[PDB]
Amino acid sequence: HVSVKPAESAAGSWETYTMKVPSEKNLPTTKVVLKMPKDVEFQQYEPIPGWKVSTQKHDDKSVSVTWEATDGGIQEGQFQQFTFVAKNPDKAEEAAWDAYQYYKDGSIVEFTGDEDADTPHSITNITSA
């Protein structure tokens, strides 16, 4: 389960988010893609050794951030944390973090489900502020 913390944050602020990516298969995780929630504006990322980071804007003006491994990736028994800054929406809402975790066999785990789903996305509760 890919979790973006803090799981609660104030509307209208810049927040320092940390995405934690645990290994869930005995296979290297080689890439992670995080869709920015609607109304969350990505600002900057923090460099991590062994990873190259890039942003991509799509037709619907949605933004995804990609961390790609350059030196083995996340191996069995490991997790890695990826920190970035984003501007929160200006109203209270549920910001859902759709994450895509790429393993070395070419498989992809889509953490995009709801509460009851097998691969759920994590959520930041954006509160009034």
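For every residue, the number given is its place in the sequence shown, counted from 1.
Engineer: Read off the CA B-factors in the entry, average them over 61-69 and over 24-32, and name the higher stretch.
Structural biologist: The deposited B-factors put 61-69 ahead on the C-alpha mean.
Engineer: Could you check which stretch, 110-118 or 5-13, carries the larger mean CA temperature factor in the entry?
Structural biologist: The recorded data point to 110-118.
Engineer: Considering only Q44, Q56, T83, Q101, which residue's Cα atom bears the greatest B-factor as recorded?
Structural biologist: Of the options given, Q56 has the highest CA B-factor in the PDB entry.
Engineer: Pull the Cα B-factor of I123 out of the PDB entry and bin it into the chain's lowest, middle or highest third.
Structural biologist: As the PDB entry reports it, the C-alpha B-factor of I123 lands in the middle third of its chain.
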